[PDB]
Amino acid sequence: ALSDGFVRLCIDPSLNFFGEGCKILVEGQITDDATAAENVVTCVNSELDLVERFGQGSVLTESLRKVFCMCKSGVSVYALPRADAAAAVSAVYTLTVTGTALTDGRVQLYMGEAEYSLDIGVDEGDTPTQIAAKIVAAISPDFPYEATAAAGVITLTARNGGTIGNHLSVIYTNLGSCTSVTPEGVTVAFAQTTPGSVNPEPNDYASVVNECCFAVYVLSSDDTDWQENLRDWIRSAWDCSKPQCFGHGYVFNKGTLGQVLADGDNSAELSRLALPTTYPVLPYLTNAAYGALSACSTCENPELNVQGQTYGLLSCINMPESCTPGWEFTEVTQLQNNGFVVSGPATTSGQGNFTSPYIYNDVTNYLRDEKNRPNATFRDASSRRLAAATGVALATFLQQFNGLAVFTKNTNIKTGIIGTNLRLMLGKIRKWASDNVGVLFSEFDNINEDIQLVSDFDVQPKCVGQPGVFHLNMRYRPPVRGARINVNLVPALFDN
Amino acid sequence: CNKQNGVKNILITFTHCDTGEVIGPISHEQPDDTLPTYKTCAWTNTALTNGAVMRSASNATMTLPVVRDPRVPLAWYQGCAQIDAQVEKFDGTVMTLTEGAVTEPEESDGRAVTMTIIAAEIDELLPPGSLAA
Amino acid sequence: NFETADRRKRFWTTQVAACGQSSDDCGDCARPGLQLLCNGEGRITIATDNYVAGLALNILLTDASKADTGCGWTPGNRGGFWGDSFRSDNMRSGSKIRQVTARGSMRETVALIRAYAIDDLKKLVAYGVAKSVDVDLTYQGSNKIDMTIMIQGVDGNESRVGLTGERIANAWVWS
């Protein structure tokens, strides 16, 4: 500002990024080489700092990579690294190459996600199984698995311990008439040899995220107990015993239909994502994409629903088309009716070509009630966002009565006094509630009965109440998302 | 005493347009025996032939005769400031207006002012036991 | 020759309840589709009755091209049908009843839905299948709502003389 070129006006810029009103927290494992301190929340800048700050090929880095690629700008990211358990075992996979390449050709593989795909050319004809397996020199460094390149067989070992390394299904082109000049006489076999053993169970959420507000929690793990702890923490943020911080969490569950349905703990604070047993993409990558997309990078408007092929398109994920739907339609309906989220391809094909997934229903895991009755009050995720928005907005509006003289037991206000009474206060609140129809509420069934204001003197018995304390009781309803109109066709062959 | 037709409290809140100043909800008193008059339906019907009608936009109007407060400039009471008014009758009815504007002011002697206000809508709070929603 | 000179035949036609009904806690609904008819020695065949009724279902249950918004749509679900660029009657296929948005009180939204329904089924008169169509919609409560669609047909052979309008072409389906 203050400069040599004096002129009527001075200017003063400070920095580029300004959208700090939206926050997202990503939690996951790390490796040994990571320099970040464990169990300490730290802000995350662009992708340049990654790898070094969280290790090479660690679960956390992969999750963060998708988060940044989905939300280019408009949200602020945070990371909460965690370390492996004391005695965690690392999963091991085997991929044996057999036969001698007797023709010139190329070999290409797809594992985990499209970013890790490779394509190398067979050196020449008559290359044995040992000169082959050069794939190891081609696998990208970011792959969470380490290739050893043994004599004739390549071994993949998870870089992180625990059960998180028990998900894979490879797609290759080394057989059939798919002659991308395929090397004739080569074959590949896939098999597992050792599973993961032990997961961590952190329970110090009250100390590391204490009294700090976050919008969306993302958890890159599949341990049921770990997820349960996150749900309990979120409840505390929505509790009535202290000022609320609000928030929402995203988790995933994988397995057969019988297994997935068994995780329905009836939590309105979580949005469980259901995946089949043969998902061709690493699970947590899809979960991170869904969380980031709904992590206010699009949901600055609480009313918005993250559904459909237009708004709920997880573009960053690319996966080859499967030979079978995976989730049979008779099973898709059951999952939706039970409060789960189901995703599927956004384009039509069965060729094994590349597509992207999208989300059918944006629904939480809410069922029944505290009194055990069934209802859909918190069915849609937008209800949770709208409820939080109403709470904040309502508190701001009522702020104008702070420090204002209030008259009771004699409602006539002298001339020149600045004050108000119960009836005037109630009337003003009604005005605010009505004006918001179409923005935060739908038309009230009976606006004269869903709002009540009573002074504390009328609640407590004689000589027990306090002067200048009111109780406000309000009931509302979010907007209406559609209705059914049964039709009755009639051709009326006769005339008149 | 619910059958008495009269006004109980009048609260106004000015907002100077050229300086953004805001004055708390001061109370007022009326100058004579007249009462305010109201119109809360923002549509006007014109009589066609054979029972038909025509609708016109129109506005929601208010008429508030009140004694000037000796601590507020006379200009504010005329069309040089926003107004937010509330009137509470004896029976219990409360009617609120927000973002109103004064129209076609007339000369005043310094004590009696008869403001004419217009707003998008007026909210009415009937006493307990209403029928309509 | 024999008086049955009209040689025009009739192809397959979609039918209501072809694949049965899908039941749910909210209610029971039809599942339209093609119908299979069986002979005494196998030799299955498709049904072709109620041509106009089948044609009406196709109009209602198909999304038409979506209006431009200024933000855009993904190429997958822009709506419409790629086969409409060859037809010459200067019309686009599908219906837009599903594109309504919650506006004002529920009464206004329902009224808008009726407007779209008429504007879509109006194409039936243009093709000449039916001589008139009208939809009556009633609102009776928060959750219960009904709508009835009335279509007017004609007989195959003309019988009346001195019609104010015109005999609809493509009337060989007699409906």
# chains A, B, ... in the order shown; residues from 1 in each chain; ligands from 1
call {"tool": "interface_residues", "arguments": {"of": "chain C", "to": "chain A", "cutoff": "9 Å", "atoms": "only C-alpha atoms", "output": "ChimeraX atom specification"}}
result
/C:29,50,52-53,72-74,76-77,101-106,143-155,174-175
call {"tool": "residues_around", "arguments": {"residues": "range 110-123 of chain B", "least_positions_apart": "2", "cutoff": "6 Å", "atoms": "only C-alpha atoms", "output": "list in words"}}
result
residues 40, 60, 61, 62, 63, 64, 65, 66, 67, 68, 95, 96, 97, 100, 101, 102, 103 and 108 of chain B
call {"tool": "closest_residue", "arguments": {"among": "A:237, A:330, A:244, A:385", "to": "residue 294 in chain A", "atoms": "only C-alpha atoms"}}
result
A:385
call {"tool": "interface_residues", "arguments": {"of": "chain A", "to": "chain B", "cutoff": "6 Å", "atoms": "only C-alpha atoms", "output": "PyMOL selection string"}}
result
chain A and resi 415-418+446
call {"tool": "select_by_dssp", "arguments": {"residues": "chain B", "states": "strand (DSSP E)", "output": "number ranges by chain"}}
result
B: 7-12, 15-16, 26-27, 37-39, 44-47, 53-56, 60-67, 81-89, 94-102, 112-119, 123-125
call {"tool": "select_by_dssp", "arguments": {"residues": "chain C", "states": "helix (DSSP H, G or I)", "output": "PyMOL selection string"}}
result
chain C and resi 51-60+75-77+82-85+97-99+106-121+123-127+171-173
call {"tool": "residues_around", "arguments": {"residues": "residue 472 in chain A", "least_positions_apart": "6", "cutoff": "7 Å", "atoms": "only C-alpha atoms", "output": "PyMOL selection string"}}
result
chain A and resi 452-454
call {"tool": "residues_around", "arguments": {"residues": "residue 426 in chain A", "least_positions_apart": "2", "cutoff": "9 Å", "atoms": "only C-alpha atoms", "output": "list in words"}}
result
residues 421, 422, 423, 424, 428, 429, 430, 431, 451, 452 and 453 of chain A; 125 of chain B
call {"tool": "write_last_selection", "arguments": {"atoms": "N, CA and C atoms", "output": "mmCIF file, in the first residue's frame"}}
result
data_model
loop_
_atom_site.group_PDB
_atom_site.id
_atom_site.type_symbol
_atom_site.label_atom_id
_atom_site.label_comp_id
_atom_site.auth_asym_id
_atom_site.auth_seq_id
_atom_site.Cartn_x
_atom_site.Cartn_y
_atom_site.Cartn_z
ATOM 1 N N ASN A 421 -41.614 -7.606 24.856
ATOM 2 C CA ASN A 421 -42.252 -8.591 25.722
ATOM 3 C C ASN A 421 -42.385 -9.922 24.993
ATOM 4 N N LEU A 422 -43.069 -10.888 25.606
ATOM 5 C CA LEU A 422 -43.141 -12.226 25.025
ATOM 6 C C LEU A 422 -43.875 -12.213 23.690
ATOM 7 N N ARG A 423 -45.047 -11.578 23.642
ATOM 8 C CA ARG A 423 -45.852 -11.620 22.424
ATOM 9 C C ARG A 423 -45.114 -10.991 21.251
ATOM 10 N N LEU A 424 -44.471 -9.844 21.473
ATOM 11 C CA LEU A 424 -43.722 -9.210 20.394
ATOM 12 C C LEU A 424 -42.549 -10.078 19.957
ATOM 13 N N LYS A 428 -42.025 -11.714 16.106
ATOM 14 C CA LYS A 428 -40.843 -11.500 15.278
ATOM 15 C C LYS A 428 -40.245 -12.823 14.818
ATOM 16 N N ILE A 429 -40.201 -13.818 15.706
ATOM 17 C CA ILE A 429 -39.646 -15.117 15.335
ATOM 18 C C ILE A 429 -40.500 -15.772 14.259
ATOM 19 N N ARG A 430 -41.824 -15.671 14.386
ATOM 20 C CA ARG A 430 -42.704 -16.232 13.367
ATOM 21 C C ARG A 430 -42.418 -15.623 12.002
ATOM 22 N N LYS A 431 -42.154 -14.318 11.960
ATOM 23 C CA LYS A 431 -41.837 -13.671 10.691
ATOM 24 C C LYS A 431 -40.602 -14.293 10.055
ATOM 25 N N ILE A 451 -44.675 -23.344 17.029
ATOM 26 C CA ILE A 451 -43.754 -22.392 17.638
ATOM 27 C C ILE A 451 -44.359 -21.931 18.953
ATOM 28 N N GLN A 452 -43.563 -21.970 20.019
ATOM 29 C CA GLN A 452 -44.037 -21.597 21.342
ATOM 30 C C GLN A 452 -42.918 -20.896 22.092
ATOM 31 N N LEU A 453 -43.273 -19.834 22.811
ATOM 32 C CA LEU A 453 -42.335 -19.103 23.648
ATOM 33 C C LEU A 453 -42.951 -18.932 25.027
ATOM 34 N N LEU B 125 -50.341 -12.238 13.867
ATOM 35 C CA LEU B 125 -50.312 -13.237 14.934
ATOM 36 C C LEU B 125 -51.640 -13.170 15.678
#
call {"tool": "residues_around", "arguments": {"residues": "residue 7 in chain B", "least_positions_apart": "5", "cutoff": "9 Å", "atoms": "only C-alpha atoms", "output": "ChimeraX atom specification"}}
result
/B:30,35-36,87-90
call {"tool": "residues_around", "arguments": {"residues": "residue 17 in chain C", "least_positions_apart": "3", "cutoff": "7 Å", "atoms": "only C-alpha atoms", "output": "tab-separated table (two decimals) with N, CA and C atoms, in the first residue's frame"}}
result
chain	number	residue	atom	x	y	z
C	20	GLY	N	-45.78	-58.68	-14.82
C	20	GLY	CA	-46.34	-58.72	-13.49
C	20	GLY	C	-46.22	-57.39	-12.77
C	21	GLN	N	-46.53	-57.44	-11.48
C	21	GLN	CA	-46.52	-56.27	-10.61
C	21	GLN	C	-45.39	-56.36	-9.60
C	30	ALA	N	-47.52	-51.64	-11.63
C	30	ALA	CA	-47.33	-52.50	-12.78
C	30	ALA	C	-45.90	-52.42	-13.28
C	31	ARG	N	-45.51	-53.43	-14.06
C	31	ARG	CA	-44.18	-53.51	-14.66
C	31	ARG	C	-44.35	-53.79	-16.15
C	32	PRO	N	-44.55	-52.76	-16.97
C	32	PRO	CA	-44.87	-52.99	-18.38
C	32	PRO	C	-43.71	-53.61	-19.14
call {"tool": "atom_distance", "arguments": {"atom1": "CA of residue 441 in chain A", "atom2": "CA of residue 381 in chain A"}}
result
15.6 Å
call {"tool": "atom_distance", "arguments": {"atom1": "CA of residue 28 in chain A", "atom2": "CA of residue 367 in chain A"}}
result
28.4 Å
call {"tool": "decode", "arguments": {"residues": "range 32-104 of chain B", "atoms": "C-alpha atoms", "output": "PDB file, in the first residue's frame"}}
result
ATOM      1  CA  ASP B  32     -55.239  11.308  18.839  1.00  0.00           C
ATOM      2  CA  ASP B  33     -58.176   8.890  18.982  1.00  0.00           C
ATOM      3  CA  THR B  34     -57.671   7.387  15.513  1.00  0.00           C
ATOM      4  CA  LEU B  35     -56.337   3.866  15.001  1.00  0.00           C
ATOM      5  CA  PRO B  36     -53.999   2.341  12.402  1.00  0.00           C
ATOM      6  CA  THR B  37     -55.502   0.617   9.377  1.00  0.00           C
ATOM      7  CA  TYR B  38     -54.129  -2.398   7.537  1.00  0.00           C
ATOM      8  CA  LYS B  39     -54.288  -4.288   4.246  1.00  0.00           C
ATOM      9  CA  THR B  40     -52.575  -7.681   4.095  1.00  0.00           C
ATOM     10  CA  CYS B  41     -53.735  -9.216   0.780  1.00  0.00           C
ATOM     11  CA  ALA B  42     -51.332  -8.410  -2.067  1.00  0.00           C
ATOM     12  CA  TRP B  43     -53.822  -8.862  -4.910  1.00  0.00           C
ATOM     13  CA  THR B  44     -56.662  -6.646  -6.127  1.00  0.00           C
ATOM     14  CA  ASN B  45     -59.857  -7.793  -7.837  1.00  0.00           C
ATOM     15  CA  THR B  46     -61.585  -5.775 -10.558  1.00  0.00           C
ATOM     16  CA  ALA B  47     -65.203  -6.411 -11.511  1.00  0.00           C
ATOM     17  CA  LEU B  48     -65.774  -7.812 -14.997  1.00  0.00           C
ATOM     18  CA  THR B  49     -69.152  -8.648 -16.557  1.00  0.00           C
ATOM     19  CA  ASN B  50     -71.239 -11.587 -15.327  1.00  0.00           C
ATOM     20  CA  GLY B  51     -69.341 -12.308 -12.117  1.00  0.00           C
ATOM     21  CA  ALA B  52     -65.784 -12.573 -13.443  1.00  0.00           C
ATOM     22  CA  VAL B  53     -62.804 -10.706 -11.954  1.00  0.00           C
ATOM     23  CA  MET B  54     -59.298  -9.508 -12.834  1.00  0.00           C
ATOM     24  CA  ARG B  55     -56.251  -9.723 -10.574  1.00  0.00           C
ATOM     25  CA  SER B  56     -53.665  -6.960 -10.163  1.00  0.00           C
ATOM     26  CA  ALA B  57     -50.332  -6.856  -8.360  1.00  0.00           C
ATOM     27  CA  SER B  58     -50.892  -4.182  -5.693  1.00  0.00           C
ATOM     28  CA  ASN B  59     -48.947  -4.166  -2.406  1.00  0.00           C
ATOM     29  CA  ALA B  60     -49.438  -4.528   1.345  1.00  0.00           C
ATOM     30  CA  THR B  61     -50.162  -1.174   2.964  1.00  0.00           C
ATOM     31  CA  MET B  62     -50.054   0.245   6.482  1.00  0.00           C
ATOM     32  CA  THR B  63     -51.075   3.537   8.087  1.00  0.00           C
ATOM     33  CA  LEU B  64     -49.386   4.440  11.377  1.00  0.00           C
ATOM     34  CA  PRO B  65     -50.203   7.772  13.061  1.00  0.00           C
ATOM     35  CA  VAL B  66     -47.697   8.197  15.895  1.00  0.00           C
ATOM     36  CA  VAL B  67     -46.304  11.033  17.992  1.00  0.00           C
ATOM     37  CA  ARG B  68     -42.789  12.016  16.967  1.00  0.00           C
ATOM     38  CA  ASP B  69     -40.013  11.096  19.379  1.00  0.00           C
ATOM     39  CA  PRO B  70     -38.185  14.300  20.401  1.00  0.00           C
ATOM     40  CA  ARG B  71     -34.813  12.533  20.087  1.00  0.00           C
ATOM     41  CA  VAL B  72     -35.105  11.596  16.388  1.00  0.00           C
ATOM     42  CA  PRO B  73     -34.898  14.039  13.445  1.00  0.00           C
ATOM     43  CA  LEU B  74     -38.191  14.723  11.704  1.00  0.00           C
ATOM     44  CA  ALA B  75     -36.647  13.719   8.372  1.00  0.00           C
ATOM     45  CA  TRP B  76     -36.297  10.083   9.444  1.00  0.00           C
ATOM     46  CA  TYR B  77     -40.055   9.841   9.993  1.00  0.00           C
ATOM     47  CA  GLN B  78     -40.517  10.918   6.366  1.00  0.00           C
ATOM     48  CA  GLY B  79     -39.089   9.110   3.346  1.00  0.00           C
ATOM     49  CA  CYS B  80     -35.431   9.349   4.413  1.00  0.00           C
ATOM     50  CA  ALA B  81     -35.103   6.048   6.309  1.00  0.00           C
ATOM     51  CA  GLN B  82     -36.201   2.413   6.441  1.00  0.00           C
ATOM     52  CA  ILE B  83     -38.850   1.438   8.993  1.00  0.00           C
ATOM     53  CA  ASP B  84     -39.630  -1.733  10.952  1.00  0.00           C
ATOM     54  CA  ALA B  85     -42.868  -1.465  12.925  1.00  0.00           C
ATOM     55  CA  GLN B  86     -44.921  -3.615  15.282  1.00  0.00           C
ATOM     56  CA  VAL B  87     -48.387  -2.913  16.695  1.00  0.00           C
ATOM     57  CA  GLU B  88     -49.942  -4.886  19.565  1.00  0.00           C
ATOM     58  CA  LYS B  89     -53.671  -4.491  20.145  1.00  0.00           C
ATOM     59  CA  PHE B  90     -55.298  -5.074  23.522  1.00  0.00           C
ATOM     60  CA  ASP B  91     -57.011  -8.318  22.514  1.00  0.00           C
ATOM     61  CA  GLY B  92     -53.668  -9.888  21.600  1.00  0.00           C
ATOM     62  CA  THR B  93     -53.263  -9.555  17.843  1.00  0.00           C
ATOM     63  CA  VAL B  94     -49.692  -8.667  16.857  1.00  0.00           C
ATOM     64  CA  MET B  95     -48.826  -7.498  13.339  1.00  0.00           C
ATOM     65  CA  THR B  96     -45.233  -6.995  12.189  1.00  0.00           C
ATOM     66  CA  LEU B  97     -43.765  -5.198   9.179  1.00  0.00           C
ATOM     67  CA  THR B  98     -40.176  -5.256   7.931  1.00  0.00           C
ATOM     68  CA  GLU B  99     -38.328  -3.371   5.180  1.00  0.00           C
ATOM     69  CA  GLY B 100     -41.156  -0.877   4.787  1.00  0.00           C
ATOM     70  CA  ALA B 101     -40.830   2.461   3.027  1.00  0.00           C
ATOM     71  CA  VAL B 102     -42.725   5.728   3.439  1.00  0.00           C
ATOM     72  CA  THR B 103     -44.594   7.129   0.436  1.00  0.00           C
ATOM     73  CA  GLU B 104     -45.774  10.639  -0.427  1.00  0.00           C
TER      74      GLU B 104
END
